[PDB]
Each structure stands twice: as structure tokens, then as C-alpha cells.
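K.L.:
coordinates only, no sequence provided:
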Ligand SMILES: [Zn+2]
């Protein structure tokens, strides 16, 4: 029961934004100020 965040590139979902952002930056070359388009917040039980 938490809100996870997936990268809109690989579809990879993380349980924390830290894992999300570091992956957005690392693989999808997305800078943290531009993450809003490449990450989506979804709540899962
Ligand atoms: Zn990705």
C-alpha cells in the first residue's frame, strides 16, 4: 500500500523517488528539473 513511480521510458517502477530520479538521470538522461514528464506517480496496494 504505497505510491510508486515509474519511468515513462522503460516502464520501471520504484517504491521511492530516489531510485526513480537516479534512474531517470542515469539511463533516460533526464535531469531532476525535467523529471515531471518522464516519471508517473501511481498508488498500488
Ligand atoms: Zn527507465
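P.N.:
Done, it's in. Residues are numbered from 1 along each chain as shown.
K.L.:
which residues of this structure lie near the ion?
P.N.:
Residues of the chain lying close to the ion (CB under 5 Å from the ion) are 7, 9, 10, 12, 27, 28. C-beta here means a position set from N, CA and C on the backbone, and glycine is covered the same way.
K.L.:
now the second one: how far from residue 20?
P.N.:
Remark: distance between residue 9 and residue 20 (CB to CB, to the nearest Å) = 11 Å.
K.L.:
the two: which is more packed in?
P.N.:
Neighbour comparison, residue 9 and residue 20: the larger count goes to residue 20, with 23 against 14 (by other CB atoms under 10 Å).
K.L.:
and the host helix or strand of the more buried one, how far out from the chain middle?
P.N.:
In the assignment (DSSP states H and E), residue 20 maps to helix 17-26. Taking CA atoms, centre = their mean, to the nearest Å, one finds the center of helix 17-26 at 6 Å from the center of the full chain.
K.L.:
straight-line length of stretch 21-39, end to end?
P.N.:
Start-to-end span of stretch 21-39 (CA to CA, to the nearest Å) is 8 Å.
K.L.:
repeat that for stretch 28-38.
P.N.:
Start-to-end span of stretch 28-38 (CA to CA) is 8 Å.
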